[PDB]
Structure formats: C-alpha cells, structure tokens
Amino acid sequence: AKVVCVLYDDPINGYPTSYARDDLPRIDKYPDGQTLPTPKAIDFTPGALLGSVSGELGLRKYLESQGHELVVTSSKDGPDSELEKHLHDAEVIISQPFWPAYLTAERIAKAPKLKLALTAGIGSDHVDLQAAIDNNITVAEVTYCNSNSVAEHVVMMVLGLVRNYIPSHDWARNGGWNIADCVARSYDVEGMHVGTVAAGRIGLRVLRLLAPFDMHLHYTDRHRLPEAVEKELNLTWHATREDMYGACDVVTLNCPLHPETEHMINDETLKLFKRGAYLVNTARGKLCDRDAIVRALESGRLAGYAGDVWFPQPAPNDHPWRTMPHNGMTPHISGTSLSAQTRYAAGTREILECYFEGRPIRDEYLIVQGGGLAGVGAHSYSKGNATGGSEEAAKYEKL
C-alpha cells in the first residue's frame, strides 16, 4: 500500500546527529494507568529528532520490508503540493498537528483508496470529521502521548506572562538593567484565581501542577470530575464556561476544537473576563477569534496572552498574534519536545502494526471508526468540520 507521511522540515543548519543530553528520563506509564505505546519493535534511538522529514518517525525499515511504499514530504499546502499529487492512491495518511496535512471534504473525495487518517500527536481537528464519518475512514491519534508535556508548557507560559519574563530577558541581553521597566507589570501568581476550560488529560494535570503555588483553582468541563478529585484539590466547579471567566485572574484553554468550541473566545465573551486577566491557550488557535484577541490586549481588557497554537498552521508571516502587545507566543512546539516525539513515534508504529496485521486499534486511540465517533472521539468531540479557512496556510513563506 502507499503511506503518505507529512512531516516538518529539518533544522536550517541540517539534520543533527548530536544532542544536548545522551538519554531521556524513564517513564513507566501515564498517570491514569494507561500503558505507553506497545509496538513490537522500534528502529530509532530515543531522544533523536523524529518528527522532521529526515527522522521519518523511524518508520522506513518497517514499512518497506512489508512491501509498502513510504512517501515523506513537508510539502502540504496549496493546489500544487506533494500531498496533492499522492492523494489519488494513498491508503494511509500520517501528519502531526505541528505541521498538519489538512484533510478537507474536497481532499477526502479525491482519495478513493484512503482507509486510515493517523494523527502523530493529539487533536484530529485538521481532518474534516463529518467527511471521515461519511466516507467510512478511520481516524486515530496517539492519546496521552504529550498531554503532560503540554501541561508543563502551560505553567511555563502562565509564569512567563504574569512575572514579565520576555521583556526582562531583552533588557539583559541588550546591555541594560532597568529594574522599574521590568517590574512595572510584574506580579506573583500566589493567591490568584486560575480556571481551566476542560479538565481532561492536560487540564487536570495543569490543576495539579498549580495547586502548590497557592492559586485558587476553578474549572468547567462537558464531563464533571469525581467528587473525591474536586475535594482533594479544593476545586471550584462552574456549570458553564461563561460563569467561570469573571471569577478568574488567569484563564487557560484545554478543550478540543469542534463546533461547540470554535470561536468560543470572541468580542462578546471577552467582556466577561476581569480587567487585566491573563489568557493562555495551548489547545487550538481557532478557539479564539483572531482579531478579538488583539483588540482586548490593545484596550487592557487582557494584561497578556500566550500560547503555542495558531490558525492556520503554519501561520502566515504577518499573522497579527506575532507582534501584538504583551504576548508570549511560540510556534506550535509543546507537544513535539524530544521526549514526547519518542512516545508518539512508537505509538504511530503500534497503530500501523495493528492496522496492517488486521488487529484492532486500541479503543483509547480512536476518534472515528465505522461511520461514527468512537473511543476517545465519543468522549471528547462532537460531529462537524473545523477545517474552513485552512487554505490560508499556503501564504506562509520560509525565513
């Protein structure tokens, strides 16, 4: 069969064979008891760069030795991409949320042999889920692979914004000292109220990381947590997201992207935040109206915004979040730290081995199967399409 694997470019100065450290830490299992991926073998070295074109997710030997054709490319956006040329006979398409191959209805209709859309990471909203249901395609992703990695990045960005790290580093590297300039907007998080929209694998982990900072913890979710968990963390529950915003100094977004959540942060809902609130979004870029965020930072409704996720991806070179006031943005990186890459490469292989050998894919990895939501898809998503507007990624140019 043909397998198309869309991956991001190698580093600008080439694909490295040496790294800052020699080993990854040992991790035995995930916090809810889920086991780490269980492929029969791996053909890579843990800790290596796996998610760029020359890393190939360590999949070449495995696939070729079975007689399959692996096509690896970074060319994904626009009507003349390499992806577009391989659609006609692709049986499996693999991509990562960090550099996503958008599988719109029109593209799925061009793909008559397509059976499996595989997300190397977590969040399958770059595939039109309504269309995958309609055309009987399986959508799978590597549940839990980087949920803890992302919760680290959330805490990092909450602290970065509130304490005013980025402009303070610039004063240091530019030869200055300038204490009052640094601290005119610098606070401690101690005693602040923080709320998360959703307490899933990431959102619950974020609450647990922030408890010892002596922040007052708030949440809302489609699924309420057990009473024992609420009581252990002294959680305040809010029945709707809109009830929660007014109560929080800091809000973090941790839900998936689907029609119930698309553009949930907008000009109208921002009016409900406290003046000078901080907003962190490592979930998906399209939860926020792009221009509403910029306006709120210009007026002081938000004291700061930070996240690693944008819409579309890659973001155009002049996307306004790059240069808006008081921002702590990164490109989409938290879920593709080197540590997470080894877990999701092993996971991608586990799913392919099941698929090719005719064994069932883990229920926790399933999003869509057999014309409906399935596995974690049924818990966390709703039916619909979130890919509208994704053609705009074609405008990005390297450098």
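Numbers for residues come from their place in the sequence shown, where the first is 1.
A summary of the deposited B-factors shows that, of 334-342 and 44-52, the stretch with the larger mean C-alpha value is 44-52. Of the two segments examined, 135-143 and 184-192, it is 135-143 that shows the higher average Cα temperature factor in the deposited entry. When the Cα B-factors of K271, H326, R163, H258 are read from the PDB record, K271 comes out highest. In the PDB entry, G78 places in the highest third of its chain by CA B-factor. When all modelled residues of the chain are sorted by CA temperature factor, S299 is found within the highest third. The deposited CA B-factor of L129 belongs to the middle third of values across its chain.
When the modelled residues of the chain are ordered by their C-alpha B factor, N234 lands in the highest third. Ranked by Cα temperature factor within the chain, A228 sits in the highest third according to the deposited record.
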